[PDB]
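Residue strings, one per chain:
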Amino acid sequence: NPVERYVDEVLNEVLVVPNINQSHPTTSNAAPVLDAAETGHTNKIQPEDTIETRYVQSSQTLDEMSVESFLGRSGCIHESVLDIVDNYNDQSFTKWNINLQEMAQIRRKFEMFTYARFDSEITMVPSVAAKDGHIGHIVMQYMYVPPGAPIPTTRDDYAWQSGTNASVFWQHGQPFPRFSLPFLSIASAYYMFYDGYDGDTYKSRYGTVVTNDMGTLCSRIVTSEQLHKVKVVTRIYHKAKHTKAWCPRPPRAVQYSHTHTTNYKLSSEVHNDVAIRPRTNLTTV
Amino acid sequence: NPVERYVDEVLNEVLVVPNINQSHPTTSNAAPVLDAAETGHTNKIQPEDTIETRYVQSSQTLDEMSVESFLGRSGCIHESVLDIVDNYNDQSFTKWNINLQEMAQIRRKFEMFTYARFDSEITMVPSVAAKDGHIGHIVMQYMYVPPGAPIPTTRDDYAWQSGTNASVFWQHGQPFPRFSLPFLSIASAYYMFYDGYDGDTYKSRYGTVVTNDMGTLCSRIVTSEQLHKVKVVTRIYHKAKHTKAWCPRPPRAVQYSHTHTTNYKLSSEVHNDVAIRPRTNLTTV
Amino acid sequence: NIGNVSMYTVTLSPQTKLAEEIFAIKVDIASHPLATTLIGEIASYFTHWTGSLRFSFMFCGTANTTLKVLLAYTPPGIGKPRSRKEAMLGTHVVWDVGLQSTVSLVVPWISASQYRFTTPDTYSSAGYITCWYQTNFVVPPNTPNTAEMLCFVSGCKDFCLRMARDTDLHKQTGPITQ
Amino acid sequence: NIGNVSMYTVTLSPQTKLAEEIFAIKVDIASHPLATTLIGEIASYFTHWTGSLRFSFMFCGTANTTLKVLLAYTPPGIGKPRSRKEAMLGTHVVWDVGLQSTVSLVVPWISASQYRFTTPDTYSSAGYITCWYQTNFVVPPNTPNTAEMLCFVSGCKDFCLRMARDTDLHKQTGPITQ
Amino acid sequence: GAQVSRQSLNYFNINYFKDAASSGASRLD
Amino acid sequence: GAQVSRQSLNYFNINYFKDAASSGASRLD
Amino acid sequence: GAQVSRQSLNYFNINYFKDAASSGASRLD
Amino acid sequence: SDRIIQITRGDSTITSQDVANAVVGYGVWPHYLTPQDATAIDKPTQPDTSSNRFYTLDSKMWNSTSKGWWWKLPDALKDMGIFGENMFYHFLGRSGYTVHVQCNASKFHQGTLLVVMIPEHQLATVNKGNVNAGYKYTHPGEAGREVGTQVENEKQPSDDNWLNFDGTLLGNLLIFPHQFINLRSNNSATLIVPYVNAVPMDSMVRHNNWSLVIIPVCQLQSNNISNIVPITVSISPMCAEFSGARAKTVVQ
Amino acid sequence: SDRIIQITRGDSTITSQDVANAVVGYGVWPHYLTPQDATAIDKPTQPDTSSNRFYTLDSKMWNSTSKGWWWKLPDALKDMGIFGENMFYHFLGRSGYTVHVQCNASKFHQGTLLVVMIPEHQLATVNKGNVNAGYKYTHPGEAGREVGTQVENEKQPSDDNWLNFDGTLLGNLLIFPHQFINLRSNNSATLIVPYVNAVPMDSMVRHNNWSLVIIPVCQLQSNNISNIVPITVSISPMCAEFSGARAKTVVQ
Ligand SMILES: *C(=O)CCCCCCCCCCCCC
Ligand SMILES: *C(=O)CCCCCCCCCCCCC
Ligand SMILES: *C(=O)CCCCCCCCCCCCC
Ligand SMILES: CCCCCCCCCCCC(=O)O
Ligand SMILES: CCCCCCCCCCCC(=O)O
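As summarised from the PDB record, the model derives from X-ray crystallography at a stated resolution of 2.9 Å.

Caption draft 1: Main features of the interface of chain H and chain A. In this complex, chain H contributes eleven residues to the contact, which on the side of chain A involves twelve residues. Roughly 920 Å² is buried in total at the junction of chain H and chain A, and carbon and sulfur atoms are behind 56% of that figure. On the chain H side of the contact with chain A, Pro35, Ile41 and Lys43 of chain H bury the most area, a combined 64% of that side's loss. Along the contact surface separating chain H from chain A lie six residue pairs in polar contact.

Caption draft 2: Fine view of helix 1 (residues 2-11) of chain B. Where helix 1 of chain B is concerned, the buried positions are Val3, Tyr6, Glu9 and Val10 of chain B. Burial along helix 1 of chain B is one-sided: seen end-on, the buried residues are contained in an arc of 100°. Lining the buried residues of helix 1 of chain B we find strand 1 (2-5) and strand 2 (9-14) of chain E. A positive backbone phi angle near 65° is found at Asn12 of chain B, which sits one or two residues after helix 1 of chain B.

Caption draft 3: A look at the sheet that holds strand 2 (residues 12-16) of chain I. Taking strand neighbours across the sheet as the criterion, the seven strands line up as 1(A)-1(I)-2(I)-6(D)-5(D)-9(D)-2(D) in an open arrangement whose pairing is mixed. Looking at strand neighbours, the two that pair on one side only are strand 1 (26-28) of chain A together with strand 2 (21-26) of chain D, the edges of this open sheet. Adjacent strand axes in the sheet meet at a mean angle of 10°, parallel and antiparallel pairs treated alike.

Caption draft 4: Main features of the interface of chain D and chain A. Contacts between chain D and chain A engage 58 residues on the former and 57 residues on the latter. Taken over both partners, the interface formed by chain D and chain A buries close to 4,800 Å², and the fraction arising from carbon and sulfur atoms is 60%. Among the residues chain D hides against chain A, the three largest losses belong to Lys157, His170 and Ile176 of chain D. Together they make up 17% of the total. In this structure, the connection of chain D to chain A is made through two salt bridges. Viewed at the interface, chain A and chain D are joined by 24 residue pairs in polar contact. The set of elements that each furnish at least two residues to the side of chain D that touches chain A consists of strand 2, helix 1 (38-43), strand 3 (46-50), strand 4 (53-59), strand 6 (91-96), strand 7 (102-107), strand 10 (147-155) and strand 11 (160-164) of chain D. In terms of residues, the side of chain D that touches chain A owes the most to one element, strand 2 of chain D, which gives six residues.

Caption draft 5: Summary view of the pairing of strand 8 (residues 110-119) of chain H. All names here are of chain H. Here strand 8 lies mainly inside the structure; ten of its ten residues are buried. By the alternation rule, side chains of strand 8 split into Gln110, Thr112, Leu114, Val116 and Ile118 and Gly111, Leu113, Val115, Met117 and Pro119, which are all buried. Direction of pairing for strand 8 relative to strand 12 (residues 210-221): antiparallel, over a ladder of nine bridges. The residue bridging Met117 from the neighbouring strand is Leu212, located in strand 12. One ladder, built from five bridges, connects strand 8 with strand 10 (residues 178-182); its direction is antiparallel. Following the sheet pairing, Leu114 is matched in strand 10 by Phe180.

Caption draft 6: Quick peek at the side chain of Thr47 of chain D. Within the fold, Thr47 of chain D resides in strand 3. Given a relative accessible area of 0%, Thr47 of chain D falls into the buried group. Residue contacts for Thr47 of chain D: discarding those within four places in its chain leaves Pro146 and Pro147 of chain B together with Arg116, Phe117, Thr118, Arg162, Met163 and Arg165 of chain D.

Caption draft 7: Representation of the packing of aromatic side chains within the structure. All names here are of chain B. On inspection of all chains with the given rule, the structure shows 33 aromatic pairs over all chains. When the ring of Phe93 is compared with that of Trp160, the centres are 6.4 Å apart and the planes differ by 90°; the resulting orientation is edge-to-face. With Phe93 in strand 3 (residues 93-97) and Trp160 in the loop between strand 5 (139-145) and strand 6 (166-171), this residue pair connects regions lying 67 residues apart in the sequence. According to the relative accessible area criterion, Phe93 is buried, its value standing at 17%.

Caption draft 8: Structural detail: the pattern of salt bridges. Per the counting criterion, the structure on display carries 45 salt bridges over all chains. A salt bridge links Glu9 of chain A to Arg27 of chain F, with the shortest nitrogen-to-oxygen separation between them at 3.7 Å. One end of the pair, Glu9 of chain A, is in helix 1 (residues 2-11); the other, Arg27 of chain F, is in the segment after strand 2 (9-14), on a second chain. For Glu9 of chain A, a relative accessible area of 19% gives the class buried.

Caption draft 9: Layout of the sheet that holds strand 12 (residues 210-221) of chain I. Residues and elements named next belong to chain I. Strand order in the open sheet made by the five strands is 9-6-12-8-10, with antiparallel pairing throughout. Every other strand in the sheet has two partners, leaving strand 9 (145-146) and strand 10 (178-182) as the edge strands with one partner each. In this structure, strand 6 (residues 69-73) lies alongside strand 12, joined through five bridges in antiparallel fashion. Within strand 12, the residue paired with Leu73 across the bridge is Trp210.

The rules behind these values
- Residues numbered from 1 in each chain as written, not as in the entry; some residues may be left out.
- Chains lettered and ligands numbered in written order.
- Part of a larger assembly, values for the part shown.
- Heavy atoms only, no water.
- Contact = heavy atoms within 4.5 Å.
- Buried area = accessible area lost by both parts, 1.4 Å probe.
- Polar contact = N/O pair within 3.5 Å; in protein donor to acceptor, adjacent residues only side chain to side chain.
- Buried < 20%, exposed > 50% of the residue type's maximum accessible area, 1.4 Å probe, protein only.
- Helix = DSSP H or I, 4+ residues; strand = E, 2+ residues; numbered from the N terminus.
- Arc of directions from axis to C-beta.
- Pairing = 2+ DSSP bridges.
- Axes fitted to C-alpha atoms, helices over the stretch in contact; angles between N-to-C directions.
- Salt bridge = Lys/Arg side-chain N within 4 Å of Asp/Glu carboxyl O.
- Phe/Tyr/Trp six-rings, centres within 6.5 Å; stacked < 30°, edge-to-face > 60°.

Next up, the structure:
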C-alpha cells in the first residue's frame, strides 16, 4: 500500500535491520567460525553463532545509508570569481569547463563507485562584495554552453543572446537560483574511472577526460559598468537525484592533485601522506 | 471523531477541569481532612469535603499547561557574533559547541524534568550592523558539524564545501532561516541531569557534559572582504516539538554559573541568592 | 531562618494567653512565602490562576503531645483577622491532633472574576489564611515543651493556570560560561 | 611498516614463554588501525554506529605448521587485559589452525546506549580485542620458523550507521587543478 | 501528506515535508 | 502531476514540473 | 480547516490557523 | 493491621510494626528488561535470591545537630555480597530496589526525617567555578556522606541541605518518591523504586542512578538525650541482571 | 567432518580441527537438580552464562621427561570469575563440566597423553603411615600438580603415576571417562562429565568431585626438540547452581 509505504518514508523505516535471536550452548562437529578466506567470500557468521545471545528487537533502519541518501546532499563543486579590478569589459565575464573533479569532498564520495547514473540539481549562491562601497543593481547571467556551441569571447558577444542555450538570470536580492539537469551522458552511465584512451598512440589522452565532457558554464555581469567596483563570487552546488551506482571501489587514500586523473604525490615520509596513524607496536592500543 | 477533536484543538478544550458539585453538612466518623503526610502521598481532599459548596460548571482547560505547550515556545539559546575589526580572514567566521545550557530562561524550563525527548525547530535572526555605513551584500553560511566531522580552521577551509554536512545559506533581505532537527541522542532521551562520569578515576568528567554532545555550529560570512566593516550578530532560537518528559524535579532556586553543571555560588547573605523575600515574622502577611 | 531547614517549621508551645495567633500568610499563589513552593513556581510561569488551594499541616511533636488549632481562611474585602473570633467567622477547620498527624484546609475559589492575576494585584488579592490556638499545647511531665509543625500546599481538582509568561523568580545577571 | 604490504601481516613464531600476547587493538570502528579499512572509511561518513563486528584471521604458514590461538574481546569499563587469563574471562574464541585457514571472532554489540559515536569518545569506547598464544607455534624440522597471519573486518547482520557527516580521513590542502 | 476528515466540515491535516521532525506542534493525549 | 492515495490519510505525490529530472529524491527499493 | 458546501457552487470556508482568534471577521446573526 | 509490614527478599525478612504505608516510585514496580527495550545482545545473568536480598548498611547516629545523610545507588552496595561482585565483573547492570529506613525512639521523643529517593541527583560544588564533584566524593560506598563533617577538598560536593546539594530548594524535594519518619507515628519508611534511566542498562561503576537522601526537617528532641537514636538503612536489589562479563574492575 | 568440533559455552567458543570424537562421562549429560533429589530447601542461584563458560588454566610444557599432571575440580576454578566467587559465597554448590585439553605438535612428532576424569580420586601417601594428603596439596588451584617436581613435605601426596597416586595400576584407568591425545591423530580431547556424588549438592571448598589426570603414556619425540610443545586445559562449568548464601569463605 503506497500509504503504508508513505508512513515508512516519513518515519524513515523503509529498510529495517534484522533482530538478534536467542542462542544456546552448542557442542557440534559443524564449526561456523572456521572457514577459508581464500575463496574470496566473507564468512557469514553472526553473533548467535559464537556466543549465547538474547532476543533483541532491532529498530534501526538503513534508509540513510542508501546510495540516494549518500550522494543526495548538495556540496560545492566550483567557486566562480568575477573581480572587477581595472577593466570591466574583460573582468565582467568568465567561463568554466564543468566537472565534479575540483572539490575533494564530493569527488571522493562519487569515486567510491566505478559508474554512476543520476540527475543533477544545481543551486548557485552568488555573493557581491562591495569593494568600493556600493553594489548598485547586480544582474547575473549563467549560460550553459554544450560542447560545440560558440563560447563568448567578450561581455557583449552575440553568443550571450542564448537563442537556444539555457541561461539563468539572477537579480541581486532574489532567492538563490536553482535548476535540474537530466542525465547528460551519451553512454548509459557516467564513468567515474576509465582505463582507456581516445587513440592508440603515445600521445593519446588517458582517463575520464576522454569520456566526461559536460560543456562550459559562462558567467557574466549583465549590468553595465558601474562607478563602484565589485567582486562577485558565485558558488555552484551540486546534488545527485535519482541515483544509481555500480561496482564499488576503495576510497581515495591520498590527496587529489589533478582533475580527471588518479595521479598523486608522495613525500619522503609516506606516513604523512595517508590517514594511517603510526602504531608504537602491535600491542599498544 | 477527528473533526470533533479538531474543534477541540481550535477552541483549546481538549482537557477540561472537573466541576464542583453541591455538598451538604455532614456529621460522620469518617474525617477526610485528617490524614498522614508520612506516607508520602498527598491528601486528595476537595472543596466539597470541607465546606458546603454549590454546583458550578467548570469551563477551564488544561491544554496550555501541557508539556508540549510549556516547552513549545521559541527562546534564544545563543548569540553568535562576527565583528570585523581589523582582520577579515580571522573575524569572518566562528564556531559554537551547541548546547541549551547558556541561556537561563529556557534552560530552567527544560531542567524541571530529568529526561526529555523532542524534535527541535531552529530559527535564526541575523542582524547586520553597518559599522562604517554600508553593508553591501551579506550572505551567511551556517554549517552543522556533527562530532567527528572536520571543523574549518580558516574562512576558506575545504570543510566549508559541505559535501555531506547540512549547511543553511542566508542572503540578507530574505526571511529568517528556519529548519527542524530530529531527536539527535544515541540514547532514548536527552539527559537533563546525569549523576555519572566518563570514567572511574579522580580526573573523570562529571555531569551532562559526558552524555550531551550535539556537535558544532560553524558560521561564516560567505561574502568576500568588503570596504565597510560590519558586525553580524546571529541569534539562534530553539523550540521543542513533539515533546515528552520524565521525572519532574524542583526548579533551579539559585543562578546558573556554568554549563553542564549544577554548580552555584553563595554570598555571605544567602537571602540575596534566592527568590525568598525575608518575612518580618510569622504573623506579618 | 533563611538558609536553614528551620524556615520550613512553625513552633508550637504551651500558651499562657488564650486564643493566640500562630501564623498568618496571604493566600495568593505567587506571593511570599508561597512563591518558591512548586505550585508557586509553576504559577509564576503563567499570568492567570483559578481554583481551590489545599493547605496541609503535619504535627511533629511527641506521641503524647496534644493540641487543638483553628485554621481559617478570610475571603477578600476585609483585613486579616485581628482575633480568633474574627477569623472564626470565615472558612475554617478545627484541627485536633491525634493518631493522624496531618490535616487539610481547603481554600475555596471565592472570587468575583473567574480568574485572578498570578502577580500581586490589588483587585485580585485572594485573602488570608491565619492559624490560632483553639485550646492549648498540652504535654505530660518529662516531655519537650515545644514541637514543630510542617506546612504543605497543592492544588485541588479545579486548579488551573492560564497565559504562559516568563518567570520573575529566576534571573540571569551574566553569561553562563563553560 | 607503513608504505609496505607488511603493515597488513602479523608474524607468529615458536615461543619460549607461555601465553604471550600477539596483538591488541581497539574495537572502535573508526579508530586506528580500523580507520582505513572499508568499514572504517564508510563509518567515518556517519556520526553514530551500532551492531556487531566480524573479525577474521587467516593463517598463512605452511601446511605442516600448527598453532592454537586465543582471540578475546574485552567489553568496556575495564582496561585491556594484561594477561591471557584476564582476557579469557571475556568474550573469546580458541582458534585451532588446521585444514580451514580462516577463523572468525564476533564482537557482540554490548553497550549501554543503542548507538555509539563513530568518532573517538570516552563515554562510547567499545573495548579491546586481544590475541594470545593458547599453546605454541609448532613446526617439523626443515620448515620456516615464522609465519604470517592476515586480519579482516566486516559488519554483521545488525551493523548500522546513522547521521551523515563529512569524513576526517581525507582532506584538501590546495586547489585541484587541470 | 493529508489527513482528510469529513463531517460538511472537512479537515485537512497536511504535512508538507517527508520527515516527521518537520511537522508542527503535537496533539494532546 | 498527482499520485493520490487513500487510506482518511490521503497522500498527494505531486510533481510540479513536466520533466522527470525536476522531481525530488527517489523512494527506496 | 475547511467548511465545504455544495450547491456547482462549492464554498470553502478555510481556517488556516489552529486558534479561533486567528480567523477573520464574523458572520452576521 | 495497616501499621504492620513484612518484606521478604531472598533469605531476608524485615518487619516493622509502625509503618506509614509504602511508596512505589513513579507507580512502577521493578521488572526485568524486555527484548523490545534491550540493546546489548548477550544473554543477561540474573543471580536471583543471592543478589536480590536485603543488605544492611552502616548505622548512623541521629542527634540534635545532624544536618543529613545521603547514599548513592548502586554505589552503596558495591561491597555487598554477590550483588557487589556482579557489578564489577560486568560492564552493564540493571536493578530496582526496596529501601527500608529504620529509626525507633519512644512516645516521648519527637523528630522528623525526610526520606527521599532522587533520580540523577547530579551534585554541585559551591563557589568553586566549573570544578565538579570528584568521583571519590560521589562514591562513598556503604558509609554514605554525613552532611557538615568534612574538611573540604577542592572537588568536595555541596553540603547545603536546604539547597538539596544542587541548587534547588529543600521544600520541593517532595516531588520525588519520598516518605517521612515522624517519630510520633512511624518507626520506618519503605520505598520500592524501579529502574529509571535513558538507556536500558548502564555501567554501575560510573553511573549512580538513584540517591537516598535523609534530612532531619524536625530536630530530634526528648528528655532522655543520653539514649542514642540510630538510623539504619537496609536496601534490597530487585530484578538485578548484568551483562558484558569479563575480569573484575578494580577502582582506584 | 567428524574431525572438526566447535563448543560454545556462554561467551566462549572453542574449536579443534583434529578431534577424536568426545566422551560424555557415564553417558549422562549434566543437568540441574530436580525437586525429587533435592535436600537443601532454599531457592538455588543459577548464574548461567556468567558462570558456565570456558576458563583456560595455566599452560604446561610437555617434554621428554614429563611424568604427568593433575587438577582437581572444582578447586582448579576457585579463582575463575563469577564461578569462583559463587563457590566461596555459598555453602553448597553443584556443577558439571566440559573439559577440553589442547595439544598440537606436527606430523613429525609422536607422543601419547592419557586424559582421564576420575570421580572421588582420593590420593594416597607413600611410606608415611596413616598420615593423609594435606588439604593444601590437594588444592593446588589452576596451577595443578606437576608430577615429580616437589621436595616432599610430610603431607605430600603420592607421585607414582604407574600406581595412579592411590595404589591402583595405571593400565586400569581406562575404566573411568577418558580419551587419548595421540599426536598422529588428534590435537585435543573433549570430555563432558555430569555431577557425580552421593549427595545432591556439596561444599565446593572441601570436597573435590572430579580429578583431571593427564599422563604421557608415550614419550614426546621429534627431531625438533627446541620447539616447545605446551598442553593447555580449558574447563567450562555446566548447570552450575549454588545454595546457602552468606559471607565469602576465605581459606588459609
Ligand atoms: C503529503 O504527503 C503530500 C503534500 C502535498 C502538498 C501539496 C498540497 C496541496 C494539494 C492540492 C491538491 C488539490 C486537489 C485537487
Ligand atoms: C501534475 O502533473 C500537474 C501539477 C499541477 C500543479 C497544481 C497543483 C494544485 C492543484 C489544486 C487543485 C484543487 C482541486 C480542486
Ligand atoms: C484546516 O483545519 C486545515 C487547513 C489546511 C490548509 C491547506 C489548504 C489547502 C488544501 C489543498 C488540498 C487539495 C485537495 C486535493
Ligand atoms: C552546470 C552546472 C554543473 C553540472 C554538472 C553535471 C554533470 C556531472 C558529470 C560528472 C562528470 C565528471 O566530472 O567526472
Ligand atoms: C544547531 C542549533 C542547535 C540545536 C540544538 C538541539 C540539541 C538540543 C540538545 C540539548 C542537550 C543539552 O545541551 O543539555
